[PDB]
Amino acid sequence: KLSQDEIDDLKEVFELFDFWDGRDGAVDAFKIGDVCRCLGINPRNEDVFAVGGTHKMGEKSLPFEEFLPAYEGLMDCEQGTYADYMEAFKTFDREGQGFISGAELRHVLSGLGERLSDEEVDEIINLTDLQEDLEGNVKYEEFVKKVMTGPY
């Protein structure tokens, strides 16, 4: 399944993360999801726990050859589509015009699902330059598109 191009990228990212946490040829199992995120996949935290991700730093560490199979396991995690996202935000859209209040938006991101921190929510809103109008409403479609297309 994994092309050599892909295996090379994983090595490069593994080494980055294998140094930031003390160069010793291993990556803390807590950073599993983060390594796989840099590689372009978007696993849910539940997905990463399922492949051996831990809940805290320092509990366990992985050599590359134990890491490879974790990555392959995550590699086919289910990933949301634009249609799924629009259906989801529409359950919160009061008049179906494509607006949601900035506060409802913060409610869904940090009060539901795999809750994000306020810092994380502030940052994604900052980075995507999502702004609300004078009544404090946002267009969730713009936000969904920007998050999906990524930082570049």
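From 1 onward, residues are counted along the sequence shown.
In this entry, 57 to 65 shows the higher mean Cα temperature factor of the pair 57 to 65 and 82 to 90.
When the modelled residues of the chain are ordered by C-alpha B-factor, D34 sits in the lowest third. In the PDB entry, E12 places in the highest third of its chain by CA B-factor. The PDB entry assigns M148 a C-alpha temperature factor belonging to the middle third of its chain's modelled residues. When the modelled residues of the chain are ordered by C-alpha B-factor, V138 sits in the lowest third. Ranked against the other modelled residues of its chain, the C-alpha B-factor of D18 as given in the entry falls in the lowest third.
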